[PDB]
Structure formats: structure tokens, C-alpha cells
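The block underneath contains the structure these notes are about, expressed in C-alpha cells.
Values quoted throughout were computed directly from the atomic coordinates according to the rules given, and no laboratory measurement underlies them. Cβ placement follows ideal geometry from the backbone for every residue including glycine, while neighbour counts extend to all protein chains displayed.
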Amino acid sequence: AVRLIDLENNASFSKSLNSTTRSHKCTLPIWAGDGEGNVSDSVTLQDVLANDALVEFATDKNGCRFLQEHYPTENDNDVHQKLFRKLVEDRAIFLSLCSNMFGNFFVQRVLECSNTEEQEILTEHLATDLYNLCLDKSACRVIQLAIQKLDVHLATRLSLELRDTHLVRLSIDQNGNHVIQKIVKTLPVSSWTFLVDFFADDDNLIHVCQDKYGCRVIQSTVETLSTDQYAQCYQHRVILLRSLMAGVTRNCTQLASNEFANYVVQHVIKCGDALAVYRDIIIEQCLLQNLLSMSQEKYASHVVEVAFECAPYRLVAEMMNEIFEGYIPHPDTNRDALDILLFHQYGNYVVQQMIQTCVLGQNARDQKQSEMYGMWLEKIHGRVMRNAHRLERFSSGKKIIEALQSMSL
RNA sequence: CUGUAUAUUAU
């Protein structure tokens, strides 16, 4: 037959007729309004496409919910294809809808129903201004659902977009921190090795770690790098983990005695497998010669506890001696570290851990370890009987006396 | 006499 070439009609000014609304809070156009701001009936799905009012419905709560409740799940439906096309025809419209309090949800629903052909277009649009969408409270979600749902090369492309950016700001950010954590917990290590290269700087590692949000980021990074059990002796993550833990090790005194970093240091000590060497170094370098000081602190006390709880005997022995015979008795009060820690609002908890450690280490394979734990527990029991009358007054002293109750050798 | 953190994105 003959060639026919249908060109779309312009419909320029008639788009702005969607600007007129029932109220000023709602952005839903008045042709689709109850008058109470609720979505009208007989609005179908095709009247949205016919009026170019996808954006106006998506910026209204009821409108967007309607789009979500009635979006076609199957990729081969023409209505799904046309609504997706009207979503991604303009990059700026799509990225403003990603940055909308009510629009973000629609993008997410498209991400829930996506195939690879749609995912490529979405990944390009998101990668255009990924860093600022990560900074946004609404888009941050869209970005995280992308990291969950996109194919691994696409999510790799999004992650590597953030390579030479101000990663310190994005990590301490209220919203982009969860994006970085989702990247770390979801994607293979090659997709975010630049993060490990970033936190090899000690200044970047300290600032981010010492932050209400960054702390969990660095922690999530370590957790994932340590969770390797056994590989093919490739020692890759190992080389990367070392690059990170090194700064952690180099500044463990400052990061242990800190509001948020304390948890990371603990995680290390709690980790055991593949981080036991770094646990040992943190105990050796930040904690020993400073146990009485850090057990009197609000934050570092927990570190001293997790240490006494997970430390190996070879180190526990040193920790115990430092407390029992490591400090010079106070000039005026003639008080030992235990004496000071026994009646401390925080130190009491440490002594209790020390008692636990000694009780659990009596059931050890080595009889000499059992003898040394029994001796340490005897030293604790001796100071507690010396101070028992004052210890009955306290809840902690009741716990301590109950802990040393009917004990073995 | 008890001690620390981790978005409730829907005007």
C-alpha cells in the first residue's frame, strides 16, 4: 500500500488546563475531582493519558494512589507502556516526580513492575542526577528500590555514578546514608570498591564514623566485607577490609570514646570470624593501659564490656591484671581501679561482665585457664565483701552479690 | 543505682 506518516498534534496550551484545581493544596485537575479533593469516578485510566495529566495526578495523593491501585502489572499491556512512556518522555518531569512527596510512590510501583527494557531508561534518567536524588527524602527511596530491583550491571552503573562525589556529605546525610547501605548490602564488592578507596583516608573515615548516620554506613561496609567465611584464598575483600580497618585501628582510641563510633568498634570485637585480628589490635592499641579511664565513660564502657566478653584469654589476662594490679593507688583515697569501678554508674557494668567472663571461663578446656579465672573471680569477691554494706544500698551491688552467689572453685 | 544510636517520605 501507500506510506502514511501520522504526526502527533501539538496540544500545547490544553496541557495547562490541567493547572486548574479544586483547592490549592490538591494538584488534581478539576475535571477529575469530587470537589472534596477525592478522585472522581468514570475517570478510567485512559482519560489520564488523553489529557496529559499524569504529572497532575501524580502530584496529588489521591491521584497517585489511583495510578498505583490501577497500574497494569503485565509489561505487554498498552496502558502500562503508554503510562511509562508519559513518565519517561521528559527527564526533568521524571526527576521532579522522583523528587515529589507523592510522586515517588508511582516511580516505585513502576520499578516493582519493570522489565529490563524499562530498567535501562530508568537507570539512565536516575544516573543523570543521582547524587541529589540520593540527598532527597522522597527520591532516596526510589534510588534504594532501584538498587534492590535493577539488574546488577544497571545498579553497578548507578553506584559508580557516585564515584568522585562528596561521599562524606552523602554518608553523613539523613537520607543518602541508607542508599549507600543498600548499595553495600545488595551489590557485589566491585560495584562499590571506590567507597573502600574513599574511607582509606583517615579524615574521611573519622568524620563519617563519628556521625549519627555515617557510623552505620562504615559498620554495614565492614559487616559485608567480613561476611566471607572462606573463599578461594583470594584475599580480596581481606585486602580491602584491611585498608579500612587500618584507619579504624589507627584512630581506635578516639573512635572508641565516642557517641556513635563506639558501636563500630564493638561490632569488630563482636565479629569474631575474619575480624578477630582487628579485635585483637583494637584491644592491644586503644584499650590496654586505658581500661579504668574508658570504663568510667558513658560510651566506652560498653566497648570494655564487649572486649572482656569476646577477647581471647591471652588478652583477657592482660585486661584483668591492668584492673587488679595495673594502676597506682589514689594518693588520698588509696583506691584500686576495682574500688573505683565497683561504685561507678558505668564501671559497675564492666565489673559484672568481668564476673561473667570468669564464670564462663571456669568451664574451659585448660585447667590453668580455669584456675586463673577462679583466682580473678576470688579477687572480685574479696573486694565485694570488703565493700558489701555499701553495695547492698545499690541495684548494681545487689546484682554483683547475686552474681558471686554459690560459685565454684 | 544503675548507662549509648539507627527516616512513621502520602499536603
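For segment A:1-22, the set of residues classified as touching a strand residue (DSSP E or B) at 6+ places or on another chain (Cβ under 9 Å) and of a type in the set (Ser, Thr, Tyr) consists of A:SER19, A:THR20, A:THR21, listed by residue number.
Looking for something in contact with a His (Cβ under 9 Å, 6 or more places away or on another chain), on the phi < 0 side of the Ramachandran plot and surrounded by 15 or more Cβ atoms within 10 Å (Cβ to Cβ) - is there at least one such residue anywhere in segment A:197-214? Looking for residues that are in contact with a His (Cβ under 9 Å, 6 or more places away or on another chain), on the phi < 0 side of the Ramachandran plot and surrounded by 15 or more Cβ atoms within 10 Å (Cβ to Cβ), one finds at least one in segment A:197-214, hence yes.
Pull up segment A:86-108, narrow it to residues that are of a type in the set (A, V, I, L, M) and assigned to a helix (DSSP H, G or I), then point me to the one that is surrounded by the fewest Cβ atoms within 10 Å (Cβ to Cβ). Step by step, filter segment A:86-108, then rank; the result is A:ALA92.
Would you say A:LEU315 is surrounded by fewer than 23 Cβ atoms within 10 Å (Cβ to Cβ), without any contact (Cβ under 8 Å) to a residue 40 or more places away in the chain and assigned to a helix (DSSP H, G or I)? In short, yes.
Suppose the filter is surrounded by fewer than 21 Cβ atoms within 10 Å (Cβ to Cβ), within 15 Å of RNA strand B (Cβ to nearest atom) and not charged (D, E, K, R); does A:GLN362 pass it? The answer is no for A:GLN362.
Inside segment A:354-407, counting only helices (runs of 4 or more DSSP H) that do not spill past its ends, which hold 1 or more residues that are within 18 Å of A:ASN321 (Cβ to Cβ) and without any contact (Cβ under 8 Å) to a residue 24 or more places away in the chain? So the answer is A:367-386.
The condition (being at negative phi, aliphatic (A, V, I, L, M) and more than 12 Å from the chain's Cα centre (by Cα)) is satisfied by just one residue among A:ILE218, A:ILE239: A:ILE239. Scoring A:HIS344 on the criteria (1) part of a loop (DSSP other than H, G, I, E, B); (2) surrounded by fewer than 17 Cβ atoms within 10 Å (Cβ to Cβ) leaves a single failure, condition (2). Return yes or no: is A:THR73 assigned to a loop (DSSP other than H, G, I, E, B) and in contact with a strand residue (DSSP E or B) (Cβ under 9 Å, 6 or more places away or on another chain)? For A:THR73, the condition - assigned to a loop (DSSP other than H, G, I, E, B) and in contact with a strand residue (DSSP E or B) (Cβ under 9 Å, 6 or more places away or on another chain) - is not met. Residue pairs whose Cβ atoms lie under 6 Å apart, sitting 6 or more positions apart in sequence or on different chains, and linking a residue in segment A:9-31 that is of a type in the set (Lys, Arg) to a partner that is surrounded by 14 or more Cβ atoms within 10 Å (Cβ to Cβ) and assigned to a strand (DSSP E or B), are A:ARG22/A:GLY33. Here is the figure for segment A:149-169: residues that are closer than 16 Å to A:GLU124 by Cα, surrounded by fewer than 21 Cβ atoms within 10 Å (Cβ to Cβ) and within 16 Å of RNA strand B (Cβ to nearest atom) total 1. Checked against the criteria, A:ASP273 counts as surrounded by fewer than 18 Cβ atoms within 10 Å (Cβ to Cβ), among the acidic types (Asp, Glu) and part of a loop (DSSP other than H, G, I, E, B). Determine if segment A:324-333 includes at least one residue that is β-branched (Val, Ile, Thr), touching a residue at least 24 places away in the same chain (Cβ under 8 Å) and either more than 16 Å from RNA strand B (Cβ to nearest atom) or part of a helix (DSSP H, G or I) (or both). No, segment A:324-333 has no match at all.
Residues in segment A:208-244 that are assigned to a helix (DSSP H, G or I) and either in contact with a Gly (Cβ under 7 Å, 6 or more places away or on another chain) or charged (D, E, K, R) (or both): A:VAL208, A:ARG216, A:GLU223, A:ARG237, A:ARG242.
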